[PDB]
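Have a look at the structure below before the remarks.
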Amino acid sequence: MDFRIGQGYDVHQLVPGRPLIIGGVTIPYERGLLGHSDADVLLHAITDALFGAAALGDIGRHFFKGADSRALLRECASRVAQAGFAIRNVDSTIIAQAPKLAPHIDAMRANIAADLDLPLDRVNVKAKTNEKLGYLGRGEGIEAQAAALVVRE
Amino acid sequence: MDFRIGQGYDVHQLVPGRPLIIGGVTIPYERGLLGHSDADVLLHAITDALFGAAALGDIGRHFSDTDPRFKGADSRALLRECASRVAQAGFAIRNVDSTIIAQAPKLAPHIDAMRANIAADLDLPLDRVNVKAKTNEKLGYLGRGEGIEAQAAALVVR
Amino acid sequence: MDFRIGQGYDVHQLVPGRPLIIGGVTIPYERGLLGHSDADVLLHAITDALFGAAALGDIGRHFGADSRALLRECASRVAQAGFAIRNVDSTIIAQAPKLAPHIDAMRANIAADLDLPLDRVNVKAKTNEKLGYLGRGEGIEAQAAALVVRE
Ligand SMILES: Nc1ccn([C@@H]2O[C@H](CO)[C@@H](O)[C@H]2O)c(=O)n1
Ligand SMILES: Nc1ccn([C@@H]2O[C@H](CO)[C@@H](O)[C@H]2O)c(=O)n1
Ligand SMILES: Nc1ccn([C@@H]2O[C@H](CO)[C@@H](O)[C@H]2O)c(=O)n1
Ligand SMILES: Oc1ccc(-n2ccnc2)cc1
Ligand SMILES: [Cl-]
Ligand SMILES: [K+]
Ligand SMILES: [Zn+2]
Ligand SMILES: [Zn+2]
Ligand SMILES: [Zn+2]
């Protein structure tokens, strides 16, 4: 029936004396992500993908003072539903030279799935290095990409 | 039903002495995007996403720069011809989403007009077209304001 | 019915001493992609989009094999999870060499490996307008999107 797709992008700088929080998971590391919120690059990209699929604009059009990125993802889900859409699936990729994200991925999926009220099998998170190329390759920031499918019920 | 997705990417350098044209909107700015056409990075990304969804190749296959008419070509006219070819191949467009990444200028006040242009060229209602804007958080050539990037996604149905 | 989308990304450094293999096609060139196996940046991105659509994690969690064998095993896993592939679209970003003449060859390799009609597979090419490590010819990037349906 009335399916729509959305895509999302984010990047934040890695800076000293900040926690690294990705997909709502705190990952031990000497740097963390810089942003007005908690700088959760993965959650921001997915949020942008969901708004894009519902044609609701973007994260900066909607947004909460001191709200963490999970609260913002939950509010995104609310606004998507308000517009008449159900979320069908989310897929994503984190690009980080370091640290190793592998043992944290299923926790990020579980977080996203709880926040969006989706079963686990409709949420995916992937990881890639940047083969030491560019600012990502030098560990100067972390990027996330996201894709979402929604349907107007 | 026979749904298909497409994705697109574009980037152009930002240089003095060119109009800044994104999503068909001329934006007051002291630099513009460099290309053989009007260099409309957002429209090119969306055009690639539509050709891609329809499995019709890419924008360079359809609109060759070896043609003089490509010089300063209106990227909305290219987008409309793309949509016509996608329709001719048997596909209806269901939605478009996109992202522009630019350090500057401020895009927010032009976004709704970009969306209106795309919706007009694709013969869609506004509510099936979306345009998002991002900085690159000061990282890389984008953070240095050397170019502007666009990303796009499209869903069509045969 | 029960459609799902996936997206994929990959990048490899481009250097002398290795052949250039993209979309299973060997392309004549002074340099080639550095990676564990054949460094096939396009097949890797597409494999990731397929696993992503099926919510099966990623290429590194699943896997001498060449990237086409990996793509085939990926399709089989996607199939076993209950999904049929509807279509694939992709973009290679390479400042050089010229990729247009090899596009049908890549599409044909990908289509064969996924058991898809040729008209459900698309590959596009872009330069990076001389910006960044891609624009300087230091690497090649690929991006992929896949649509599947749970049958
Ligand atoms: N060059 C740019 C980049 C971003 N933006 C707007 O700022 C908010 C934060 O990304 C987003 O809402 C975005 O639309 C902008 O107006 N111009
Ligand atoms: N490495 C590349 C890059 C680009 N191209 C083709 O040239 C057009 C404009 O860059 C693109 O749209 C594409 O058709 C190519 O054949 N190989
Ligand atoms: N910073 C990173 C980057 C990637 N990965 C994991 O490594 C494997 C190959 O990319 C993939 O399986 C991916 O999930 C990781 O654990 N941490
Ligand atoms: O024939 C061409 C050449 C370049 C094109 N392009 C480069 C960047 N954006 C569009 C498109 C079509
Ligand atoms: Cl920036
Ligand atoms: K990028
Ligand atoms: Zn962010
Ligand atoms: Zn362009
Ligand atoms: Zn790879």
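Nothing in this text is a laboratory measurement; each read-out follows from the coordinates by a stated rule. Note that each Cβ is placed from the backbone with ideal geometry, even for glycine, and that neighbours are counted across all protein chains shown.
Here the Karplus curve 6.51 cos²θ - 1.76 cosθ + 1.60, taken at θ = phi - 60°, turns the phi angles of region C:131-139 into couplings of 9, x, 4, 5, x, 8, x, 8, x Hz, with x standing for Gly and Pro. Ranked for footprinting exposure by Cβ neighbours inside 10 Å, fewest first, C:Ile22, A:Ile27, A:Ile112 give A:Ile27, A:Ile112, C:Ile22.
Phi-derived couplings, Karplus 6.51 cos²θ - 1.76 cosθ + 1.60 at θ = phi - 60°, listed residue by residue for region A:33-39: 8, 9, x, 5, 7, 7, 6 Hz, with x used for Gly and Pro. Among the residues of B:144-152, the average count of other protein chain beta-carbon atoms within 10 Å of the residue beta-carbon is 3. Highest GNM mean-square fluctuation among B:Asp123, B:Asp58, B:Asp67, for chain B modelled with Cα contacts below 10 Å: B:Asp67. Seen from C:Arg68, the other residues with C-beta closer than 12 Å to its C-beta sum to a net charge of -4, counting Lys and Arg as +1 and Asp and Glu as -1. log10 I(q)/I(0), Debye, Cα-only chain C, no solvent, q = 0.15 Å⁻¹? Values returned for q = 0.15 Å⁻¹ are -0.70. In this structure, the amide hydrogen of C:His12, modeled 1.01 Å from its nitrogen in the peptide plane, lies closer than 5 angstrom to those of C:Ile140, counting only residues at least 5 positions away or on a different chain. Residues A:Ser37, B:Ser64, A:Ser92, arranged from fewest to most other Cβ atoms within 10 angstrom of their Cβ, appear as B:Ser64, A:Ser37, A:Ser92.
Karplus-based coupling profile of region A:68-81, in residue order and whole Hz: 7, 6, 6, 4, 4, 5, 5, 5, 3, 4, 4, 5, 5, 5, with θ = phi - 60° in 6.51 cos²θ - 1.76 cosθ + 1.60 and x standing for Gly or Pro.
Using the Cβ-Cβ distance between B:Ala116 and C:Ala111 with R0 set to 51 Å, the FRET efficiency from 1/(1 + (r/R0)^6) comes to roughly 0.85. Note on A:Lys100 and B:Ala104: with the Förster distance fixed at 25 Å, the Cβ-Cβ geometry gives a FRET efficiency of about 0.10. The label point for B:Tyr29 and the one for A:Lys132, both projected 7 Å from the Cα toward the Cβ, are 3.5 nm apart. Close amide-amide hydrogen proximity is noted between A:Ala127 and A:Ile94, each under 5 Å apart and 5 or more residues distant or on a separate chain (H modeled in the peptide plane; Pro and chain starts excluded).
A DSSP coil position with no more than 16 other Cβ atoms inside 10 Å describes the following trypsin sites (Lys or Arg not before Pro) in region B:1-77: B:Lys71.
Taken over the protein assembly as shown, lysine pairs spaced eight or more positions apart, or on distinct chains, with alpha carbons under 14 Å apart number 6.
A Cβ-based charge dipole, computed about the Cα centre of the protein assembly as shown with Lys and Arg at +1 and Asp and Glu at -1, lands at about 240 debye.
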